[PDB]
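Here's the structure we're looking at; comments come further down.
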Ligand SMILES: O=P(O)(O)Oc1cc[n+]([C@@H]2O[C@H](COP(=O)(O)OP(=O)(O)OP(=O)(O)O)[C@@H](O)[C@H]2O)c(O)n1
Ligand SMILES: O=P(O)(O)Oc1cc[n+]([C@@H]2O[C@H](COP(=O)(O)OP(=O)(O)OP(=O)(O)O)[C@@H](O)[C@H]2O)c(O)n1
Ligand SMILES: O=P(O)(O)Oc1cc[n+]([C@@H]2O[C@H](COP(=O)(O)OP(=O)(O)OP(=O)(O)O)[C@@H](O)[C@H]2O)c(O)n1
Ligand SMILES: Nc1ncnc2c1ncn2[C@@H]1O[C@H](COP(=O)(O)OP(=O)(O)O)[C@@H](O)[C@H]1O
Ligand SMILES: Nc1ncnc2c1ncn2[C@@H]1O[C@H](COP(=O)(O)OP(=O)(O)O)[C@@H](O)[C@H]1O
Ligand SMILES: Nc1ncnc2c1ncn2[C@@H]1O[C@H](COP(=O)(O)OP(=O)(O)O)[C@@H](O)[C@H]1O
Ligand SMILES: [Mg+2]
Ligand SMILES: [Mg+2]
Ligand SMILES: [Mg+2]
Ligand SMILES: [Mg+2]
Ligand SMILES: [Mg+2]
Ligand SMILES: [Mg+2]
């Protein structure tokens, strides 16, 4: 029945071999999704081997965009997959890093809390990591105790930085025994075109490296570009001392939302459930089948330009792209993304050449960014051409700078991008970095309010520059409305043109793509995709 | 001739295998001695793998006593060997730790100094360590540039914590090339009594472990309890790909001062000089030959009790024992040390049984100590019996408490050892921890002044409790003189009885054993050993 | 009850760390003895990592003397411990070697039996080793199925040559599971005299090396020169993730026969029995208590000289020394062995200086031996002095050469030792190497027959030179009797002098020390020790 006896909290560790970017986090999220559908209270955590105390200092070329929690922690991208697939808000405790662990242990040492012992990588660092891992098992604020904790070990097996985390996982397996701890290992099977053969040797060496630290994998996720032959799975099972049930072929799916279907088809969830002896029920595919219908059988299609610097073949905008696809799903339209370099849009002819074929433009945020002249040039061209535009954070800032350059403020800029500008229409109110959720109030019957269908919202923020309040009345002559603000009205949070000036041009300082889920699309992307569809139909 | 052309600074790394306490630091110090006598400007450094930012938090049962520098840093015991053999004062920079390196790199990360890169154990931590190693090569404050830098890598090859230091050493060998970097490896040759054979396998495994991280030893120091046969040295040389000139048999010498002779006899210094291509001259053995005469051919002998808690077969008092032996050397007397437990001296009969055969008693300092009732009991017994006493730090505190209990203050104690005492004759003036060298003024013609033959001295301090100034006039009725003080007189630094009360009973808050050298004995220990000699002769 | 249900055959693997000669084989034999006394049918096996197909080609300086089985295989020394402690005869299958495994697999490859596969170290070599290991579990020729198979893995963990055998053991643990496979790891705890501390770090590194190949030890045998403190055992248990019940202190016992008492006192056998879930009964100590009474409480003492080349501090004569001690036990006399170099006995004065204080002389066999002039010189001196002499194999040959030089044959020798001798009294009958058991017939009422109390015996042989039948009638004039022969009389097997010529001087071509057991002493050593006792009493 739906009510089951109590059992100990199961730990499921996901580790990666050969390389990073194998979809280890996505596989963990998909397994969490399956286990949730089978009725278990899944909770998730990631361990990051890098020494940065948080990725805010990093550059999006390293690991993609940053993410933000409701308690306001700044975390890795994978927490975004966990949210999007579990449809949950996760604590800042869900992202441990070597930086945090070492700082914590050094601080404890300075206070003498180890009573004069020599502080060592074993036991003290591994003890701190094991404590942080087992803390996830404690009852939540409402007494709901997770049935499975899925922990993703970042990096690659054999990296110097992963040694403490894998040792902590080994000690957890020792403490809790094999009946409670399951190891999932993700590995790459490359295809060599010249000889036309899939090679299993990288997987064998990765599993040998994993065995060399005392971990035996329970199952293998063979990442590949094509479905692995059965003979190769048999060879891997034989060579690696892994149950032939546990070798799971995981070819590159056309979209990330097919991965749960691939894993269920291969019966990974059944294998995990049997091996951990969890109580279960069959997966109710109703919701995700509707989602996959919206994916694979859309009624129409629309092209959207994504304008940025990191667009040079990188997943620096993953959350934005997924929120775009969710918006398409709400309208049952396929959204095709045209990756447009910002610097080709600095000249009006270059902007026309890049954008002229698209049906909409998106200006995402960023940090350490440069060359926003191209972004604003794309805004100018798009407004003249009539394309809808959505500007996120820096997109809003570029919209406001465009409006400044529309009314008299030709040399206007952000103090970030021209510290000597005579018209700093964007300025520090380094100022307070706004992070996390803040409330905002919206103009009644604003386009933003028409989208959200409410006067009150909350959004995740990450920025420190603001619209300079000295220029509101000047730039309003552009026609721009400050259609949403902080509750006191002190801070501008949203801007838009009236529908008769342009059918849809909106910007927000927040990152609404971090509240979107594929089964709960965000209002603004639904609105933007609807406007793009209306443009395509009317054009 | 004495003047030679310029050459690059040579780096000599000393590493250990099989176990710690192999005399790796003493071997490094002896090699520094020999290279100094050959005329080279040797400087020395230690790398500590533990995460403690400094050993002040540790307990003397871990790695022996703590040491203190003139700039006031708190460092490992090995810096004491470096001082005692080079007769130099070393900067706090001479002791790096993993704690310091990680704290530094994490701090630099929080400040964004890596410009958005991912902070990694390689390159960033190894770069910080390599920077800290090469900083030793820079010209000193007077422009004197070291000819050789001898770096001791603490721990054992294969400890998880040593991995960054050995990688930094490997990178230094890569950067500077083999003509500048020399690796000396110290290893253990155990003797198995049942089969009567020395075993080389531990050495082979240690050298293989060292090779597995990219280091090839240039020489081997074979630590043993007996001289290694030549056949075994040949076997080791063959198996380890080491020049047969580089296998150095280093049996346990009767005293640490014979080690330079052992290494010279084996021509280790000649091998190092040839391999590094250093300019040299023959060793002038005059000074050290005189020292070894004072060591091995004394005119008389005296027995001194060392009373403490750590005395249970541990080198927690190494500096004190060596300062005692240096005092004996100044008088050409052998000082034999009887290691006496403090807790056997709590009862007067037990104190008599322990001490009755000795010619003097020494009360050294300590931290985390307990049971000073036994220490004070030993003081009481010794004073009644007429034995000379020297009290260091806690020894002075126990002397003052004994005097308190001599004049009316029977329940008197330190606030450290009885927080509820009605007479806290020792109290916090946690208060300011006095660390390092401080100046002091002495009573003219005091026994302390008679020893030092001056009215002004400076001594290294490590303590935070002080004599309570409220009780000076009360305890002076014991006959105790506050014969040395801070220049303002606010702090008591030395106490003594007049010679007619007891021929010599003196205590000092400082650690004079940290300024002693075997070739420059400290005045107070010369005085104490002279008093013990006078007792033995008169008794 | 004595009759128990059937259970699967348990595998107990014994492995060594740090070094060889740790008593790993003796510990395995003692555990086998305890388990036998608890009523289980123990069988034993050794795996030798070296490539020699059998140790016959080796030199006794490598691993001591060679051993011989009843089916005539030539095996390592440890098979001798297994026999002496189990009182059993073991098959030649009880000694696998890398040489045999590789030769077997290469031969199978040449015959195409792998059907075209690539022959690899994994699986094929490890499969052959695992097959040879599991073959021990098969029912014997009479259907008695062993309850525990104790396999000793030769070498040291981390040797290149041990990698296939430890991998085979790991695969056995995988196939049979943890309930059937138990790992015992023997490790060294060295004592460092200069700092007066036992060091556990070698054990930690050895266990880490063992874990790096996927083996977790169940118990640790800490070999040491002194009883390990309890705090160190606790530290080892904590650091190594080993049950605190499983750390077994095993100090160097005064005799090998005390080891079963040490292991039982530490409750190793109880730990093994509990962990393997074996059915058991209490150990009946009656027999071994009688043996230890004969060991520790003898009525008298006698000194015996052992004359050989390998006597320079090596266990090259272990079986002979143990048979000597068993002979002493039969008479309840302590036998003290004086290790005498052969080459000091070449001169009559040197022989007198070496032997004059002893009560008997033993001349053991050997191969690759030289300098038998010294051995024969010792025989000449001993005969003149009246000391009893026992000559084994080469001892008999030297006796016969002495007799040759007693009757006219001054230049007589073996063709082995002077190929140009004019009187080859010892000659090839390279000839047939006699190996293993052969029957012999004895002269009735010969001293040999008086000892054995029978006319028919069987003994283990290892030699290829024989007494030249052409010289029997010549050398009989010495007084020597060919008191035992092959059944056809063709081969001389024993020689003796009549009791009135010398009270006891006997030689045999065989190695009776390989049929001796401490609880079943061999007749000839009982006789020889009785003669030595009679000499001591009468002298
Ligand atoms: O992505 P996740 O989910 O696994 O999260 C991850 C992925 C990777 N890492 C670590 O960053 C460093 C470089 O990573 P990296 O794989 O990129 O190596 P590299 O030098 O850049 O070579 P490459 O060209 O292959 O990228 C390594 O120490 C990694 O262990 C962390 O902490 N979290
Ligand atoms: O002495 P130095 O000059 O080399 O300075 C030293 C000596 C040792 N260490 C480190 O402390 C830990 C335990 O040391 P440790 O040898 O004592 O092992 P253990 O567990 O206690 O076994 P054991 O019984 O043999 O002592 C290890 O991580 C070492 O790397 C450091 O940083 N500097
Ligand atoms: O005795 P067992 O029962 O373990 O049976 C043994 C002992 C040792 N071995 C192997 O012989 C080689 C040298 O042995 P070895 O320990 O003596 O090293 P080495 O070079 O001589 O240095 P060391 O001075 O310490 O002797 C190694 O390959 C060992 O793995 C074998 O096959 N059986
Ligand atoms: N099985 C897959 N099929 C298709 N695309 C994929 C798959 N797995 C991952 N991806 C994509 O590859 C990128 C990297 O995957 P990711 O989850 O982030 O691995 P990791 O966290 O270890 O770095 C993701 O943006 C994801 O969308
Ligand atoms: N070659 C030696 N002969 C005799 N005693 C020794 C020798 N080397 C070292 N010792 C002693 O053994 C102890 C260990 O030496 P130590 O300097 O601490 O080496 P490490 O840095 O590894 O800890 C010291 O107390 C030292 O006095
Ligand atoms: N625990 C012990 N106490 C005393 N003597 C011992 C002990 N163990 C072994 N020995 C002796 O040391 C020698 C080597 O032991 P051994 O069994 O042969 O180890 P291994 O086979 O691994 O080489 C043996 O001759 C044995 O008599
Ligand atoms: Mg990634
Ligand atoms: Mg990368
Ligand atoms: Mg040390
Ligand atoms: Mg230690
Ligand atoms: Mg052996
Ligand atoms: Mg050997």
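Protein chains in written order, with the deposited numbering: chain b, 1 to 429, 443 to 552; chain R, 1 to 429, 443 to 552; chain X, 1 to 429, 443 to 552. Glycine included, C-beta positions come from ideal geometry on N, C-alpha and C.
Cα-Cα separation, residue i to residue j
i, j, result
"residue 254 (chain X)", "residue 242 (chain X)", "28 angstroms"
"residue 499 (chain R)", "residue 58 (chain R)", "29 angstroms"
"residue 168 (chain X)", "residue 158 (chain b)", "25 angstroms"
"residue 152 (chain R)", "residue 82 (chain R)", "11 angstroms"
"residue 529 (chain R)", "residue 407 (chain R)", "35 angstroms"
"residue 355 (chain X)", "residue 370 (chain X)", "20 angstroms"
"residue 156 (chain X)", "residue 219 (chain X)", "17 angstroms"
Beta carbon of residue i nearer than 8 angstroms to that of residue j
i, j, result
"residue 185 (chain b)", "residue 30 (chain b)", "no"
"residue 328 (chain X)", "residue 334 (chain X)", "yes"
"residue 493 (chain b)", "residue 260 (chain b)", "no"
"residue 22 (chain b)", "residue 272 (chain b)", "no"
"residue 164 (chain X)", "residue 105 (chain X)", "no"
"residue 338 (chain b)", "residue 304 (chain b)", "yes"
"residue 455 (chain b)", "residue 507 (chain b)", "yes"
Exposure of residue i, with buried meaning 16 or more beta-carbon neighbours within 10 Å
i, result
"residue 331 (chain R)", "buried"
"residue 202 (chain R)", "buried"
"residue 288 (chain X)", "buried"
"residue 174 (chain b)", "exposed"
"residue 114 (chain X)", "exposed"
"residue 229 (chain X)", "exposed"
"residue 118 (chain R)", "buried"
"residue 352 (chain R)", "exposed"
DSSP beta-bridge partners of residue i
i, result
"residue 449 (chain X)", "X:474"
"residue 48 (chain X)", "X:97"
"residue 197 (chain b)", "b:192"
"residue 14 (chain b)", "b:152 and b:184"
Where in the region 99–169 of chain b do unbroken runs of the beta strand (DSSP E), each at least 3 residues long, occur, reported from the N-terminal end onward? 148–153
Sequence ranges, alpha helix (DSSP H) only - wholly within the region 331–361 of chain X, length at least 4: Under the rule that a run must span 4 or more residues, the alpha helix (DSSP H) segments found entirely inside the region 331–361 of chain X read 348–355.
Contained beta strand (DSSP E) runs [length at least 3] in the region 221–292 of chain b, N- to C-terminal order: 247–251
Length at least 4, wholly inside the region 478–508 of chain X: the alpha helix (DSSP H) runs in chain order: 485–488
What runs of the alpha helix (DSSP H), each 4 residues or longer, lie entirely inside the region 373–404 of chain R? Within the region 373–404 of chain R, not a single complete alpha helix (DSSP H) segment reaches 4 residues in length.
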